[PDB]
Amino acid sequence: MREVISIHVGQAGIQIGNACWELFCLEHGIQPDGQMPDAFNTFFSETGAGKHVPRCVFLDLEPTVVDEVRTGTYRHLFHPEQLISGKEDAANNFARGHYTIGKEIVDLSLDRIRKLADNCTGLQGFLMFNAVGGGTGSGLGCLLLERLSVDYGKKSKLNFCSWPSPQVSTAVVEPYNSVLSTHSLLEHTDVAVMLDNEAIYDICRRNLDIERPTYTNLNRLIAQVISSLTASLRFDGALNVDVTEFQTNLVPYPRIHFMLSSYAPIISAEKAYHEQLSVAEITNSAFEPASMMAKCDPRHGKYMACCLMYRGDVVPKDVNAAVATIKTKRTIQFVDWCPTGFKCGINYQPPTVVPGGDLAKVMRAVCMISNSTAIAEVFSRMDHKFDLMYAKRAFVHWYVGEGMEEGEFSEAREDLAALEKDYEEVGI
Amino acid sequence: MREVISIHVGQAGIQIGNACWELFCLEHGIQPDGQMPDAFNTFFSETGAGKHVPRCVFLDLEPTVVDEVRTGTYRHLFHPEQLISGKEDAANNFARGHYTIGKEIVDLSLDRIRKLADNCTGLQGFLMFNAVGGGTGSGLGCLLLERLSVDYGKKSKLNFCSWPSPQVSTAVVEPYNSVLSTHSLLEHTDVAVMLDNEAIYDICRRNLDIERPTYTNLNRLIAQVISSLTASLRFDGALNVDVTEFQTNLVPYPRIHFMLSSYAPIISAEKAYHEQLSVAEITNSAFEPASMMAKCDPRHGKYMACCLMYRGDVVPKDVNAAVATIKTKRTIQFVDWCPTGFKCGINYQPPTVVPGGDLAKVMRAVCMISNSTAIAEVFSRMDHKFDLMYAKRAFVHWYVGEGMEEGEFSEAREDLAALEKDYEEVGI
Amino acid sequence: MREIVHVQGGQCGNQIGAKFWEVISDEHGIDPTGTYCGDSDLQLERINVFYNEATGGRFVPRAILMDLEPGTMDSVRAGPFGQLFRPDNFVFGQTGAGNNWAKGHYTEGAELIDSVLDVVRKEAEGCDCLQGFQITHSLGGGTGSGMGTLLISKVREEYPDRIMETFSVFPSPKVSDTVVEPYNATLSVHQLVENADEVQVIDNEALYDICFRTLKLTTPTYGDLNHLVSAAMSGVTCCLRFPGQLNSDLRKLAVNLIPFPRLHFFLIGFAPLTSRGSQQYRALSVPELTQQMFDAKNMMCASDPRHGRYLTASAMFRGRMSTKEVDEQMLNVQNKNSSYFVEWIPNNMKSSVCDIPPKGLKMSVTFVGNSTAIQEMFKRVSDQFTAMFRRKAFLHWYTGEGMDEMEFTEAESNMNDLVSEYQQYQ
Amino acid sequence: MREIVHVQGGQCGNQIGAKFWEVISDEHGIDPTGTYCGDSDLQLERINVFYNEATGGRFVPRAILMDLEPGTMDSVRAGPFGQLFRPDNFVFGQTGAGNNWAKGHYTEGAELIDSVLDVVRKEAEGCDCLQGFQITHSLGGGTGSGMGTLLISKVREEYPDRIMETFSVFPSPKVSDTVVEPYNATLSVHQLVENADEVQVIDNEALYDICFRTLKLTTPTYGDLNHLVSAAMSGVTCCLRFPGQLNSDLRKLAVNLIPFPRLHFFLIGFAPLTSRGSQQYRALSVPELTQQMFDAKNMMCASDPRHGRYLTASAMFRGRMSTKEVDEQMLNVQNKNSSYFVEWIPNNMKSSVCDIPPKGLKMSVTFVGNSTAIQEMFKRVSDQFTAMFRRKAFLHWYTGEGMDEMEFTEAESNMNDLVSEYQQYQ
Amino acid sequence: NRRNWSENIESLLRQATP
Ligand SMILES: Nc1nc2c(ncn2[C@@H]2O[C@H](COP(=O)(O)OP(=O)(O)OP(=O)(O)O)[C@@H](O)[C@H]2O)c(=O)[nH]1
Ligand SMILES: Nc1nc2c(ncn2[C@@H]2O[C@H](COP(=O)(O)OP(=O)(O)OP(=O)(O)O)[C@@H](O)[C@H]2O)c(=O)[nH]1
Ligand SMILES: Nc1nc2c(ncn2[C@@H]2O[C@H](COP(=O)(O)OP(=O)(O)O)[C@@H](O)[C@H]2O)c(=O)[nH]1
Ligand SMILES: Nc1nc2c(ncn2[C@@H]2O[C@H](COP(=O)(O)OP(=O)(O)O)[C@@H](O)[C@H]2O)c(=O)[nH]1
Ligand SMILES: [Mg+2]
Ligand SMILES: [Mg+2]
């Protein structure tokens with residue numbers, strides 16, 4: 001049976017996966033006890049009489065976020081041996097999470113991953129979520145990436161990473177934690193989607209009209225993004241394009257596998273009260289440059305790949321009519337080597353509403369995976385921040401006095417320099 | 001019809017006879033009186049009007065535990081003349097347990113050996129349990145096996161040995177008693193099973209999740225091992241496994257008769273609530289080196305052969321699929337002179353759950369008995385330990401004056417070095 | 001008698017041909033459980049040309065449902081007439097070709113083709129001698145084009161004296177879904193320009209505009225698209241199931257319409273397409289049938305036949321009609337707009353009469369004809385292919401699956417010989 | 001008239017042999033209580049081939065069942081149709097064979113053969129003229145391959161001219177149970193090549209293959225595999241209990257399958273065999289009965305017959321079915337893949353018809369085939385057995401009980417000379 | 001007993017439909 005195994009590291013990846021699996025259990029009809037009152041097998045292992053367990057693992061080096069999952073509402077849903085946590089938190093330190101303390105937990109992780117993946121052949125890939133701005137998210141998150149390379153060779157590696165958004169970052173050493181993680185995950189992730197927090201804050205401000213929103217409000221939107229991305233495996237549709245279909249249509253080169261996400265309509269029910277949702281309307285709101293989920297305006301960039309996830313009562317004609325108008329408008333621009341630029345998939349199941357959550361019940365929705373060369377400038381600002389902070393030898397002995405030396409720092413800068421130069425060379 | 005006669009020498013033997021026969025009564029359905037509310041004939045007798053008494057013997061030199069058995073609950077289950085008790089112990093001395101304080105009870109023990117084995121013809125053999133690190137466990141267990149060898153020659157003597165752990169000994173004169181037990185154990189044992197206490201310490205800590213249990217919780221798992229291994233004698237199965245089956249398929253040369261076991265699933269009520277216990281999932285968990293119950297890592301040891309045997313509602317198609325995938329995996333490897341190295345048995349009756357015990361109601365289980373060449377390290381670590389002890393006359397003033405001479409120590413050193421050379425040439 | 005063996009390439013081919021067996025089962029009048037109903041011998045005398053007797057009184061299709069992902073076979077077995085196809089006739093993969101010409105054809109599609117060759121020889125050698133094959137697959141997709149064209153290859157070395165006939169859905173310029181079009185497109189065209197006998201092009205955006213401008217149906221699905229393929233694709237094989245005044249099989253139109261083996265890429269149309277609001281308003285005469293027929297808005301391709309000239313064309317008439325209003329109006333179109341036809345063939349048209357019309361209609365026609373105007377289609381694939389090899393992108397799956405660049409350059413050069421060969425005749 | 005006495009050794013041969021009596025009792029209308037039901041002359045005019053009248057109207061089996069363990073003897077007796085056998089014909093063993101050929105053949109196998117040789121000869125002489133003995137056992141463990149073949153040796157020196165059938169479950173090649181595999185396999189066969197008239201080679205994982213895909217059983221138990229074998233058993237002896245247009249007994253097989261007395265090893269497979277859904281779709285007919293049989297997938301042996309060449313074979317059809325297409329289909333297959341048949345034999349495999357189909361069926365066929373393509377089966381046991389003798393594995397259970405290594409090298413020589421004898425006929 | 005069961009295959013080799 002075909003399945004997908006989810007990986008989460010860090011407190012951000014745990015809180016993302018909590019709301020992600022909240023929505024997955026809701027739409028498959030199972031309760032917090034794991035029992036519903038055979039298309040669910042892609043996420044849920046049928047174990048016993050009517051009881052299902054998620055195919056996901058939660059990773060941390062500190063139990064301060066995991067132990068309330070073991071003492072929460074979803075207590076007997078997640079089986080405790082996939083919720084494994086360390087003792088000491090890496091504390092914004094790649095050297096601690098990748099060279100000192102990640103060793104005694106990674107071999108417990110691989111024992112669970114091999115046990116959970118070898119139970120059923122036909123597995124598709126690893127849907128791994130992480131945060132690169134924090135020490136255990138970057139440290140253990142990077143270390144699992146080499147080991148899953150050498151252990152599972154051919155298989156696809158989905159990556160959503162919480163890249164540090166530019167101004168709001170709630171750290172001081174996010175340049176070291178980010179550039180060292182992306183130095184290695186370039187050659188260890190097959191497909192990597194940016195998720196910046198400020199972009200989701202601006203969407204929560206003006207689209208859902210919440211002035212003071214919390215992190216789990218962001219977790220609801222990211223949950224709806226991944227639910228529409230993996231709805232093709234779970235629900236029947238007119239154009240079933242799998243998660244093996246996403247990279248095989250959208251990554252031009254092995255190095256270029258970084259892209260962006262967006263969702264539409266992010267509408268609450270007092271505005272779905274009024275606004276009729278045409279398929280053309282939700283796909284121009286998804287392509288509005290303000291509604292990007294990585295704070296990356298594509299007006300000063302050029303697209304080279306694009307993938308549309310329509311689900312609900314979407315006629316295949318309105319996919320065709322709407323993609324014609326977005327091709328003709330000059331406010332978006334495509335690169336010259338990629339005249340064809342669209343992969344479209346349709347799912348029949350209508351999207352998710354959560355009562356208590358701020359999203360509304362809508363008849364059709366759009367999810368976006370979009371490769372653009374405008375990622376060159378979101379790494380150019382990371383060049384500016386890291387060069388200022390590395391120029392004066394700052395914060396260096398929390399990385400060199402633990403198990404890695406000077407030289408990974410220079411090779412991470414040269415890796416981002418070659419990655420930078422490779423991007424506009426593609427654009428020309 | 002058929003019968004097997006248990007021997008329980010040592011304090012470890014007495015309380016493993018309390019545990020193993022508690023599970024035997026709680027599987028066949030006999031009250032502590034001895035009554036019921038033909039498959040039970042393998043272990044119990046047919047005494048009087050519907051009373052059934054165990055076909056075991058309890059040998060110990062100290063009455064402080066064996067009288068404590070005949071004072072408690074099962075005092076009307078066993079025969080009153082059954083539990084043979086000495087007046088004073090050996091106190092971790094092979095010299096007294098084999099020569100001086102031992103000789104006056106072996107004639108009384110073999111008195112009840114022939115009086116209980118002359119009941120019906122069809123006796124598969126004897127099933128002796130001992131503590132190697134203990135004094136009367138290895139002491140009486142030495143000369144009890146020569147006397148069974150010279151009385152009943154061809155009878156299959158299967159012997160469970162609770163071998164002492166490397167850094168867990170709870171004794172200081174462990175290397176002296178273990179070597180002299182080894183000198184007695186090679187030339188008189190058909191089948192041997194290795195039980196290092198620190199490995200059952202760990203497979204209850206990580207697999208049962210119980211973190212501070214006692215010795216009796218170890219005895220739950222060992223009782224589940226025998227209640228697996230011998231229930232194919234009792235109940236119907238797809239492939240019945242006899243006592244005489246084991247020594248005809250697990251010993252390649254008569255000196256390599258040291259086999260090491262594992263069990264799956266050692267799973268409590270709260271991990272059986274969440275994992276499906278498929279035949280593929282339960283087999284590779286039995287071969288996982290952490291689940292091994294003698295702390296002898298087989299990654300660097302070459303497997304000679306192996307005998308999986310299953311219980312429950314196991315379909316033989318899934319047996320052959322699971323036995324094939326553990327053939328094709330590369331981390332395990334075989335000796336090239338034994339390409340076919342697996343034997344399978346199937347029993348239908350599922351393992352009964354003991355109340356109070358930490359195990360759950362399991363729908364299908366696995367017991368495994370393997371022979372390999374990894375047994376080189378389990379003795380080589382003891383060789384440097386004992387040579388370092390014997391260098392400057394440690395504790396030998398007891399052993400010289402209590403019956404034996406110096407020279408038995410050197411001859412017991414020469415034949416353990418002989419099995420060092422014997423194990424390496426099998427693994428060439 | 002003869003039997004045509006059907007094969008079902010890709011998830012698109014499974015959907016477009018399952019509704020081909022909507023109209024074959026309807027016209028021959030069979031129950032979803034396979035029991036004949038209708039009480040007339042015009043159906044079941046010639047019933048073995050698509051079906052097989054099942055010794056249960058029912059008829060099982062001689063079709064090979066085929067895909068590398070098991071999702072779409074669940075869809076085609078759960079719909080109407082899903083109790084028709086034998087489960088042994090389904091072949092499935094467990095991985096799924098991710099619209100890839102590379103792994104669909106050589107590495108991940110090759111391990112299925114040995115069992116698909118077992119099941120197509122299962123139903124071909126079972127009879128006395130079959131007539132040919134029909135192959136509905138996809139060129140936009142990678143599993144219809146990848147291992148389906150491997151099926152097209154190995155059946156030509158197996159039965160070279162036979163004939164094959166393919167209906168392949170092409171990529172489309174305006175709505176370019178399945179963004180990896182031209183790898184799967186022009187390399188399958190490279191394969192089958194020698195290794196196929198007779199090709200019809202189907203264009204999904206063409207089926208959009210016909211349902212717009214001749215049916216006025218507001219919200220069609222892919223089912224309405226598949227119906228418009230299916231009615232024409234049964235009309236091209238009317239004679240093998242029903243008698244007529246003038247009889248012609250698909251080998252008749254094979255020899256008649258290709259003067260050269262290197263050119264066998266054609267176009268289908270269908271008539272009459274009448275709206276439900278125009279059904280009472282529309283006269284049904286052979287004049288109105290053929291004066292609607294030779295119209296670009298009726299064509300099943302997004303290539304304009306007025307730009308080019310027809311090379312050799314034919315028409316399968318169905319129903320009860322006068323013989324000579326077939327004849328003098330195939331000549332009438334030749335004599336009025338005579339600039340649109342080639343000069344060195346006298347009487348470039350051909351026609352045939354199948355006396356049984358499709359149900360609910362008293363006559364119809366299906367046109368299969370050659371055009372030089374198919375050249376702009378292949379050149380549209382060509383200039384997209386050379387603009388994207390000018391940056392060498394999108395290649396790392398193709399060169400990493402075990403295949404080389406030298407067959408990519410051969411693929412461009414061979415179809416550039418095809419666009420030049422079509423260039424000569426206008 | 002004609003009588004067949006059944007010999008079943010080992011618990012494998014007793015389980016797959018009890019099902020043989022369950023399908024024969026089903027075919028001849030006998031109840032488990034021994035009362036006929038089904039009021040037909042033609043189910044009952046030939047009972048004596050397998051049953052004797054027991055002065056109570058009970059038709060009791062002519063089967064001797066032997067084992068060295070009683071745990072499987074009482075499971076046969078307590079099972080359904082298990083009270084049919086006479087209790088004296090059960091041969092109990094108390095000690096038991098621990099999967100050792102030496103003890104099953106010499107020490108206590110001979111201690112039991114004095115009590116099983118008398119019971120097979122009480123049954124044998126009681127009839128006027130016995131036709132043959134059949135044996136059903138396995139070479140995996142000890143009591144079937146050590147004592148069942150020792151009874152084979154004793155009945156050969158007693159009744160030489162009688163035919164000597166055996167149906168041996170060889171150990172499965174790539175999925176190895178019974179960890180001392182090649183000793184119980186090779187040490188039986190070199191003693192079996194001089195004491196057997198017909199040997200029929202069946203493998204366990206070949207039965208696992210045909211349950212996995214062609215029959216589509218989600219949980220194939222041992223009782224499923226026993227009935228695949230059992231349905232193949234009734235086709236070999238159909239003409240012995242039923243009349244036919246062209247009859248064929250067991251010795252009709254022996255004369256047309258072996259040209260030399262040294263080779264008598266065959267390949268058994270049964271048709272028709274489809275899944276639950278596919279049975280409702282499939283056409284049961286004489287063409288669609290025979291290319292299922294000439295197929296490596298149908299074969300109940302895990303040796304691919306396509307790798308070598310068919311020397312001779314046979315097919316026994318069953319049911320109300322015509323005799324022309326018996327042979328026209330028999331020789332159309334002999335003309336299409338003509339490289340698969342040896343060139344120096346006429347019409348290499350023979351034909352037979354038995355008028356009575358198996359119960360429920362109307363058409364079936366069995367097949368007994370002597371092919372040189374069983375060489376990869378013998379060689380895979382060969383190189384595993386020599387791998388045992390590079391470093392002298394498990395010898396002490398074979399040396400101290402009454403034989404030596406001279407018989408080990410005798411087993412290697414008397415098996416390798418069949419390897420070279422088979423190698424020189426292609 | 002439970003060693004041997006022909007209950008699925010028994011219906012698989014009869015041409016009967018439920
Ligand atoms: N969108 C979103 N971001 C989060 C969430 N939780 C934490 N983050 C972000 O994660 C970044 C740092 O990562 P953390 O999760 O806090 O810490 P970590 O990655 O586990 O590594 P450590 O700091 O060593 O514990 C912060 O800047 C937050 O913005 C969340 O629930 N949703
Ligand atoms: N597995 C297991 N091992 C035991 C048990 N009881 C004792 N042992 C081991 O036996 C060793 C000491 O031997 P004991 O059985 O306690 O004592 P003994 O056999 O009566 O011999 P003495 O020490 O002379 O009294 C300890 O180091 C333990 O490792 C038990 O119940 N289970
Ligand atoms: N007419 C028609 N076209 C289809 C259908 N399904 C998919 N397509 C077309 O096929 C292309 C998608 O290829 P697809 O079959 O999904 O990829 P594949 O699975 O690798 O063969 C798109 O251009 C669709 O327009 C269908 O049912 N009918
Ligand atoms: N086909 C079949 N094989 C069996 C059956 N029971 C056991 N076997 C096979 O017999 C082999 C081992 O031989 P075994 O029967 O145990 O000992 P033996 O009777 O002395 O030869 C194993 O590989 C089993 O797969 C059965 O009922 N049917
Ligand atoms: Mg940390
Ligand atoms: Mg003691």
# chains A, B, ... in the order shown; residues from 1 in each chain; ligands from 1
>>> residues_near_ligand(ligand="ligand 3", cutoff="8 Å", atoms="only C-alpha atoms and all ligand atoms", output="JSON, numbers by chain")
{"A": [238, 239, 240, 241], "C": [9, 10, 11, 12, 13, 14, 15, 16, 67, 69, 97, 98, 99, 100, 137, 138, 139, 140, 141, 142, 143, 144, 145, 169, 170, 171, 172, 176, 177, 178, 202, 203, 204, 205, 207, 222, 223, 225, 226, 229]}
>>> interface_residues(of="chain E", to="chain B", cutoff="12 Å", atoms="only C-alpha atoms", output="number ranges by chain")
E: 1-5
>>> residues_near_ligand(ligand="ligand 6", cutoff="8 Å", atoms="only C-alpha atoms and all ligand atoms", output="list in words")
residues 10, 11, 60, 61, 62, 89, 90, 91, 92, 134, 135, 136 and 137 of chain B
>>> write_last_selection(atoms="C-alpha atoms", output="short mmCIF file (atom, residue, chain, number, x, y, z; two decimals), in the first residue's frame")
data_model
loop_
_atom_site.label_atom_id
_atom_site.label_comp_id
_atom_site.auth_asym_id
_atom_site.auth_seq_id
_atom_site.Cartn_x
_atom_site.Cartn_y
_atom_site.Cartn_z
CA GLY B 10 20.20 -22.77 42.30
CA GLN B 11 18.23 -19.93 43.85
CA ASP B 60 18.86 -25.91 46.30
CA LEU B 61 21.28 -26.10 49.23
CA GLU B 62 19.66 -23.28 51.21
CA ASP B 89 24.58 -23.22 50.92
CA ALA B 90 27.78 -23.17 48.87
CA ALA B 91 28.16 -19.35 49.06
CA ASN B 92 29.64 -18.82 45.58
CA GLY B 134 26.03 -18.63 41.68
CA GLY B 135 27.66 -21.24 43.86
CA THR B 136 25.09 -23.99 44.24
CA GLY B 137 23.63 -23.13 40.84
#
>>> residues_around(residues="region 281-287 of chain B", least_positions_apart="6", cutoff="10 Å", atoms="only C-alpha atoms", output="JSON, numbers by chain")
{"A": [115, 116, 118, 119, 120], "B": [261, 262, 263, 264, 265, 266, 275, 298, 308, 310, 319, 322, 323, 325, 326, 332, 364, 365, 366, 367, 368, 370]}
>>> residues_around(residues="residue 64 (chain D)", least_positions_apart="6", cutoff="8 Å", atoms="only C-alpha atoms", output="list in words")
residues 5, 6, 7, 8, 89, 90, 91, 116, 119 and 120 of chain D
>>> interface_residues(of="chain A", to="chain C", cutoff="6 Å", atoms="only C-alpha atoms", output="MDAnalysis selection string")
chainID A and resid 245 252 320 337 340:344
>>> write_last_selection(atoms="N, CA, C and O atoms", output="PDB file, in the first residue's frame")
ATOM      1  N   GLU A 245       4.959  13.636  -8.345  1.00  0.00           N
ATOM      2  CA  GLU A 245       4.744  14.504  -9.495  1.00  0.00           C
ATOM      3  C   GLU A 245       5.277  15.918  -9.280  1.00  0.00           C
ATOM      4  O   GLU A 245       5.547  16.620 -10.260  1.00  0.00           O
ATOM      5  N   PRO A 252      14.198  22.290 -12.142  1.00  0.00           N
ATOM      6  CA  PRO A 252      14.926  22.183 -13.412  1.00  0.00           C
ATOM      7  C   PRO A 252      16.280  21.506 -13.284  1.00  0.00           C
ATOM      8  O   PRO A 252      16.621  20.630 -14.083  1.00  0.00           O
ATOM      9  N   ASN A 320      -8.518  25.652 -17.055  1.00  0.00           N
ATOM     10  CA  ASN A 320      -7.991  26.040 -18.359  1.00  0.00           C
ATOM     11  C   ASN A 320      -8.230  27.518 -18.640  1.00  0.00           C
ATOM     12  O   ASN A 320      -7.364  28.206 -19.192  1.00  0.00           O
ATOM     13  N   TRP A 337      13.204  30.124 -21.380  1.00  0.00           N
ATOM     14  CA  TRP A 337      13.408  28.718 -21.701  1.00  0.00           C
ATOM     15  C   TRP A 337      12.252  27.838 -21.264  1.00  0.00           C
ATOM     16  O   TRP A 337      12.279  26.630 -21.522  1.00  0.00           O
ATOM     17  N   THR A 340       5.920  26.580 -21.759  1.00  0.00           N
ATOM     18  CA  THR A 340       5.053  25.827 -20.867  1.00  0.00           C
ATOM     19  C   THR A 340       5.500  26.025 -19.424  1.00  0.00           C
ATOM     20  O   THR A 340       6.695  26.007 -19.129  1.00  0.00           O
ATOM     21  N   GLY A 341       4.548  26.285 -18.533  1.00  0.00           N
ATOM     22  CA  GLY A 341       4.921  26.618 -17.174  1.00  0.00           C
ATOM     23  C   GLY A 341       3.955  26.180 -16.094  1.00  0.00           C
ATOM     24  O   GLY A 341       3.929  26.792 -15.024  1.00  0.00           O
ATOM     25  N   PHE A 342       3.150  25.148 -16.336  1.00  0.00           N
ATOM     26  CA  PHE A 342       2.060  24.840 -15.419  1.00  0.00           C
ATOM     27  C   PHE A 342       1.820  23.344 -15.316  1.00  0.00           C
ATOM     28  O   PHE A 342       1.715  22.653 -16.332  1.00  0.00           O
ATOM     29  N   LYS A 343       1.709  22.860 -14.083  1.00  0.00           N
ATOM     30  CA  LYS A 343       1.184  21.537 -13.781  1.00  0.00           C
ATOM     31  C   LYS A 343      -0.070  21.729 -12.944  1.00  0.00           C
ATOM     32  O   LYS A 343      -0.036  22.437 -11.937  1.00  0.00           O
ATOM     33  N   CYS A 344      -1.171  21.109 -13.358  1.00  0.00           N
ATOM     34  CA  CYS A 344      -2.453  21.299 -12.696  1.00  0.00           C
ATOM     35  C   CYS A 344      -3.005  19.962 -12.230  1.00  0.00           C
ATOM     36  O   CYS A 344      -3.023  18.993 -12.995  1.00  0.00           O
TER      37      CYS A 344
END
>>> select_by_dssp(residues="chain E", states="alpha helix (DSSP H)", output="PyMOL selection string")
chain E and resi 9-12
>>> residues_near_ligand(ligand="ligand 1", cutoff="9 Å", atoms="only C-alpha atoms and all ligand atoms", output="number ranges by chain")
A: 9-16, 59-62, 89-94, 97, 130-139, 141, 162-165, 168-171, 174, 195-198, 200-201, 214-219, 222
>>> residues_around(residues="residue 13 (chain E)", least_positions_apart="5", cutoff="12 Å", atoms="only C-alpha atoms", output="MDAnalysis selection string")
(chainID D and resid 23 215 224 227:228 230:231 270:276 278:280 357:364) or (chainID E and resid 6:8)
